[PDB]
Amino acid sequence: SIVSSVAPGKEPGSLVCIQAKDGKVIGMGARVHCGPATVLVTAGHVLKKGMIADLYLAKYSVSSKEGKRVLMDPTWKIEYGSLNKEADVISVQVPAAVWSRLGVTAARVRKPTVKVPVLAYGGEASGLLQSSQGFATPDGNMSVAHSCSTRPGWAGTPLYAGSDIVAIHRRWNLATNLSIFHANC
């Protein structure tokens, strides 16, 4: 798996970091279309931390030439998924105002295909992102096997196939086949 630096602002427009209050990146996520609206999608064990501590959605701002972030409200409604279950995927009805302030566009969820090329993103700061290349294969249940290298703090990051998201990375590999749970939309 080839690992590469991603220049500030050149990551996909849907991607967001999830930070603790001291700025540490503890997970990733993305804005995706969900019926007539959009949702955050991330790992359930990442979102669970925001029940007892403050988490922030974070993304590099091209116009400000620095990172920006917005406090997460744990009472934002859950669209699908769960904080504690095996698939470890959850989606949240984040207000459009928050996505607007961070510059986050919505991506499309697509079904994975066999050995589809994929990119996964993560990093220690919103202008210090990196990507890892790999391939993804769905298992006929709710998961995808994939070959992207990841680091701790990449939990919840999408696997991108071209423009679209086909999976959610779980933990530092088996990702969740997002289209399975996205059918709740």
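Residues numbered from 1 in each chain as written, not as in the entry; some residues may be left out. Heavy atoms only, no water. Residues with missing side-chain atoms left out of burial classes, pairs and counts.

## Overview of the sheet that holds strand β7 (residues 78-81)
An order of β6-β5-β2-β3-β4-β8-β7 is seen for the seven strands of this open sheet, with the pairing classed as antiparallel. Two strands in the sheet have a free side with no partner beyond their single neighbour: β6 (66-71) and β7. Within the sheet, the average angular offset between the axes of one strand and its neighbour, ignoring direction, is 30°. Inspection of the sheet shows strand β3 (residues 25-34) paired to strand β4 (residues 37-43) by six bridges, in the antiparallel sense. Pairing of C34 across the sheet is with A37, part of β4. (Pairing = 2+ DSSP bridges. Helix = DSSP H or I, 4+ residues; strand = E, 2+ residues; numbered from the N terminus. Axes fitted to C-alpha atoms, helices over the stretch in contact; angles between N-to-C directions.)

## Some remarks on the pairing of β6
Examined bridge by bridge, strand β5 (residues 55-61) and β6 share six bridges and lie antiparallel to one another. Its bridge partner lying in β6, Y56 is registered against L71. In this antiparallel pair of consecutive strands, β5 and β6, the connection spans four residues, and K65 shows a positive phi of 55°.

## Comments concerning the domain arrangement of the protein
For the protein, the domain assignment lists domain 1 (1-12 + 107-185) and domain 2 (13-106). The straight-line distance from the C-alpha centre of domain 1 to that of domain 2 is 16 Å. Every contact between the two is made by 34 residues of domain 1 and, on the other side, 33 residues of domain 2. Summed over both sides, the interface of domain 1 with domain 2 buries roughly 2,400 Å², with 63% coming from carbon and sulfur. When the buried surface of domain 1 facing domain 2 is broken down by residue, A107, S126 and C185 rank first, second and third, together holding 21% of it. The interface formed by domain 1 and domain 2 holds one salt bridge in total. (Domains from an automatic or database assignment. Contact = heavy atoms within 4.5 Å. Buried area = accessible area lost by both parts, 1.4 Å probe. Salt bridge = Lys/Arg side-chain N within 4 Å of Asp/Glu carboxyl O.)

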